[PDB]
Amino acid sequence: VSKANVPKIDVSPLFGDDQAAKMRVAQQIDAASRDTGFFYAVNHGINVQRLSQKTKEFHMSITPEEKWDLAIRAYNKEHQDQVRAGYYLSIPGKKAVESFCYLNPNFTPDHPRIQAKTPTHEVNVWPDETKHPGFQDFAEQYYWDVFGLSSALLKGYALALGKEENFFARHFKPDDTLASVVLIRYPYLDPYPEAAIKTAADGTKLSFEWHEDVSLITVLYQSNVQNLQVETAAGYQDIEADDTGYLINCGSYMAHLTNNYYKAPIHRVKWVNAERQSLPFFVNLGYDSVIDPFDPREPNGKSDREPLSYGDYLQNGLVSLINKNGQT
Ligand SMILES: CC(C)[C@@H](NC(=O)[C@H](CS)NC(=O)CCC[C@H](N)C(=O)O)C(=O)O
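Using this note's numbering, the letters of the sequence shown correspond one by one to residues 2 to 329.
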């Protein structure tokens, strides 16, 4: 099995005012986006050591009682309004992975989208402060940190495509973004449940099958355990781990709006029996956000693709991924 070319891109110029330097960053984003579709963002400014430490303390201290109280409706029939946000339970002997998902901290009972009961919008559920002191404050602060990184990356993608730097970012707003953080625990287990291992067509043991991401872009932290593979025409290639950087790739909404000029890379998660963390931030826009598709390969940029509302995209995409690859 070969190794994918995943460049490390210093994204620090995207936080600054040196326009030529931002253009050199954009060129590197463009080149990675048209090759394997992945790159590591380095010099990103986020304290990933603290992220990893506070996530670990959470995963290792939460109890079965608390997991039921936080569970999404797939695991608790009482929580009919928790489709996205809350706890995704493991099943001993059957399902190894478990995770906690939270959304925009600004979705409160008073928020107009929550009052209108708009699909894909939910109010976050949190554990008890006295049992997990500081966890919610940390988690909400992390949301806005990674929001800020993601904003800057979106300026890079816009410049890469020949657009003004706010082309995407203007639709990525603290008041209405559907972006989510997921804090995923992949446990070490001995014996490891066979039901939690999937076998690929090519014989590879997997934790999660091939997919395109449901996102504009995906901004991922992982601990230093190799697990991801990306599909190329010549087969799947291993993505090397780097627990100092954020791994970035496009989701299928970027592919839609660029007429597949920036493909959403197909990737999958290999089975590794190792205790690790996978902490994606899915960059979603607002429910009513629509970006007119264009084709950068054409002088005039004309595209025949229909504009697609981000809310409709996301609603269908999340369900399709569950149907295709299973409830996580
Ligand atoms: C590879 C990582 C991104 C991670 N995979 C994942 O998180 C997988 C594939 S991209 N993603 C999902 O299941 C979508 C979760 C969406 C979330 N519930 C929400 O409501 O917004 C993993 O480690 O399995």
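Where is the CB? At the ideal position from N, CA and C, for every residue including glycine.
(request) To the nearest angstrom, report how far apart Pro106 and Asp177 are at their CA atoms. (result) Residue mapping note: residue 106 aligns to position 105 of the sequence shown, counting from 1. Residue mapping note: residue 177 aligns to position 176 of the sequence shown, counting from 1. The alpha-carbon of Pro106 is positioned some 10 Å away from that of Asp177.
(request) Out of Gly135, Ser216, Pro65, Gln142, point me to the one whose CA is closest to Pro175's CA. (result) What you label residue 175 is simply residue 174 of the sequence shown in a count that begins at 1. Closest option to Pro175, Cα to Cα, is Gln142.
(request) Could you have a look at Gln81 and say whether DSSP puts it in helix, strand or coil? (result) In the sequence shown, the residue the question calls residue 81 occupies position 80. In the three-state reduction of the DSSP assignment, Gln81 falls in the coil class, being assigned neither a helical nor a strand state.
(message) Only counting the same chain, and skipping five residues up and downstream in sequence, which positions put a Cβ closer than 6 Å to that of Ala22?
(response) For this step, residue 22 is matched to residue 21 along the sequence shown. Counting only Cβ-Cβ distances below 6 Å, and skipping sequence neighbours, we find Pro14.
(request) Counting only the same chain and skipping the five closest in sequence on each side, list residues whose C-beta sits under 7 Å from that of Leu160. (result) In the sequence shown, residue 160 corresponds to position 159, counting from 1. Shown here for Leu160: same chain residues with a beta carbon closer than 7 Å to its own, the five before and five after excluded, namely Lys23, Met24, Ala27, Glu166 in chain order.
(message) Are there any heavy atoms of ligand 1 lying less than 7 Å away from the beta-carbon of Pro65, as far as the coordinates show?
(response) The sequence position of residue 65 within the sequence shown is 64, counting from 1. Outside the cutoff, so no.
(request) Mind checking which residues open and close the beta strand (DSSP E) that includes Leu322? (result) Mapped onto the sequence shown, residue 322 falls at position 321. Where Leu322 is concerned, there is no enclosing beta strand (DSSP E), although the alpha helix (DSSP H) it sits in stretches over 311 to 326.
(request) Compute every distance between the C-beta of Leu217 and the non-hydrogen atoms of ligand 1, then say whether any falls below 7 Å. (result) Sequence index remark: in the sequence shown, residue 217 carries index 216 (1-based). No, the Cβ of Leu217 stays beyond 7 Å of every heavy atom of ligand 1.
(message) According to DSSP, is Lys164 part of a helix, a strand, or is it coil?
(response) What you label residue 164 is simply residue 163 of the sequence shown in a count that begins at 1. Coil.
(request) Using the Cα positions of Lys132 and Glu66, report the straight-line distance between them to the nearest angstrom. (result) Locating residue 132 in the sequence shown gives position 131, counting from the first residue. Locating residue 66 in the sequence shown gives position 65, counting from the first residue. Approximately 12 Å between the Cα atoms of the pair.
(request) Write down the C-beta distance between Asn250 and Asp214 rounded to the nearest angstrom, noting that I regard them as a contact closer than 8 Å. (result) Taking the first residue of the sequence shown as 1, we reach residue 250 at position 249. Taking the first residue of the sequence shown as 1, we reach residue 214 at position 213. Contact flag correct, Cβ pair sits at about 7 Å.
(request) Determine the direct distance from the alpha carbon of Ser304 to that of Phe139, and round the result to whole angstroms. (result) Indexing the sequence shown from 1 puts residue 139 at position 138. Indexing the sequence shown from 1 puts residue 304 at position 303. Their backbone Cα atoms lie some 43 Å apart in a straight line.
(message) Tell me the rounded alpha-carbon separation between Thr121 and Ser290.
(response) The sequence position of residue 121 within the sequence shown is 120, counting from 1. The sequence position of residue 290 within the sequence shown is 289, counting from 1. Answer to the nearest angstrom: the Cα atoms are 14 Å apart.
(request) Determine the contact status of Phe169 and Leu104, defining contact as a CB-CB distance below 8 Å. (result) In the sequence shown, counting from the first residue as 1, residue 169 sits at position 168. In the sequence shown, counting from the first residue as 1, residue 104 sits at position 103. No, Cβ-Cβ distance for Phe169 and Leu104 is not below 8 Å.
(message) Assuming the contact rule is C-beta atoms closer than 8 Å, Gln238 and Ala5 should be a hit. Round their C-beta distance to whole Å, please.
(response) Residue 238 sits at position 237 when you count from the first residue of the sequence shown. Residue 5 sits at position 4 when you count from the first residue of the sequence shown. Right, the Cβ-Cβ distance comes to about 4 Å (below 8 Å), so this counts as a contact.
(request) Would you mind working out which of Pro300, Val43, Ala32, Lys96 sits nearest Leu190, comparing C-alpha positions? (result) Position 189 of the sequence shown holds residue 190. Distances from the CA of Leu190 to each of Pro300, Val43, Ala32, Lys96 were compared; the closest alpha carbon is that of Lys96.
(message) By alpha-carbon positions, which one of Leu280, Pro297, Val270, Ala32 ends up nearest to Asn228?
(response) Indexing the sequence shown from 1 puts residue 228 at position 227. Shortest Cα-Cα distance from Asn228 to any of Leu280, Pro297, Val270, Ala32 involves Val270.
(request) Kindly indicate which three-state DSSP category residue 347 falls into: helix, strand or coil? (result) Residue 347 is absent from the model: the chain starts at 2 and stops at 329.
(message) Does the region 145 to 153 come into contact with the region 54 to 70, if we say contact requires no fewer than three beta-carbon pairs (one atom in each stretch) closer than 8 Å?
(response) no
(request) Return yes when the Cβ of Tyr88 is within less than 8 Å of the Cβ of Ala75, no when it is not. (result) As a working note, residue 75 is residue 74 in the sequence shown. As a working note, residue 88 is residue 87 in the sequence shown. Contact flag unset, no.
(request) Could you check what DSSP says for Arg35 in three-state terms: helix, strand or coil? (result) To locate residue 35, count along the sequence shown from 1; it is residue 34. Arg35 falls in the helix class under three-state DSSP.
(request) From the DSSP output, read off the bridge partner residues of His60. (result) Position 59 of the sequence shown, counted from the start, is the residue given in the question as residue 60. Answer is none; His60 lacks a bridge partner.
(message) So the candidates are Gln50, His45, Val7, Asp19; which of them puts its Cα closest to the Cα of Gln29?
(response) Position 28 of the sequence shown, counted from the start, is the residue given in the question as residue 29. Nearest C-alpha to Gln29: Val7.
(request) Indicate whether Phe39 and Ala32 have their beta-carbon atoms separated by less than 8 Å. (result) Indexing the sequence shown from 1 puts residue 39 at position 38. Indexing the sequence shown from 1 puts residue 32 at position 31. No; because the gap between Cβ atoms is not below 8 Å, this pair is not in contact.
(request) Just tell me which of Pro110, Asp19, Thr233, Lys9 has its CA closest to the CA of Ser3. (result) Translated into positions along the sequence shown, residue 3 becomes position 2. Among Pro110, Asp19, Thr233, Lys9, the Cα nearest to that of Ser3 belongs to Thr233.
(message) To the nearest angstrom, how far is the alpha carbon of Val126 from that of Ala86?
(response) To locate residue 126, count along the sequence shown from 1; it is residue 125. To locate residue 86, count along the sequence shown from 1; it is residue 85. Roughly 7 Å between the two C-alpha positions.
(request) Report the option in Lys55, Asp18, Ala256, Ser310 whose CA atom is closest to the CA atom of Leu280. (result) Counted from its first residue, the sequence shown places residue 280 at position 279. The shortest C-alpha separation from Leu280 is found at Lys55.
(message) Within a Cβ cutoff of 7 Å, which residues of the same chain sit near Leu322, ignoring the five residues on either side of it in sequence?
(response) Taking the first residue of the sequence shown as position 1, residue 322 is located at position 321. Around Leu322: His212, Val215.
(request) Taking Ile267 as the reference, give the member of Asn274, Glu210, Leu286 with the closest Cα. (result) Here residue 267 corresponds to residue number 266 of the sequence shown, with the count starting at 1. Nearest option by C-alpha distance: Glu210.
(request) Please list, in chain order, all residues of the same chain as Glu123 whose beta carbon is under 7 Å from its beta carbon, the five residues on each side excluded. (result) Sequence index remark: in the sequence shown, residue 123 carries index 122 (1-based). By the criterion of a C-beta distance shorter than 7 Å, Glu123 is surrounded in its chain by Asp82, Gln83, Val84, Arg85, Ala86, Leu104, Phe108, once the five residues flanking it on both sides are discounted.
(request) Pull up the distance between the alpha-carbon of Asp70 and that of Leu248, whole angstroms please. (result) Residue mapping note: residue 70 aligns to position 69 of the sequence shown, counting from 1. Residue mapping note: residue 248 aligns to position 247 of the sequence shown, counting from 1. Distance between the alpha carbons of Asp70 and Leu248: 32 Å.
(request) Would you mind sorting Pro128 into buried or exposed? The rule is 16 or more other CB atoms within 10 Å of its CB. (result) Position 127 of the sequence shown, counted from the first residue, corresponds to residue 128. It counts as buried.
(request) Go to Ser3, then tell me how far its beta strand (DSSP E) extends in each direction, as first and last residue. (result) Position 2 of the sequence shown holds residue 3. Run containing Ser3: none; DSSP gives neither H nor E here.
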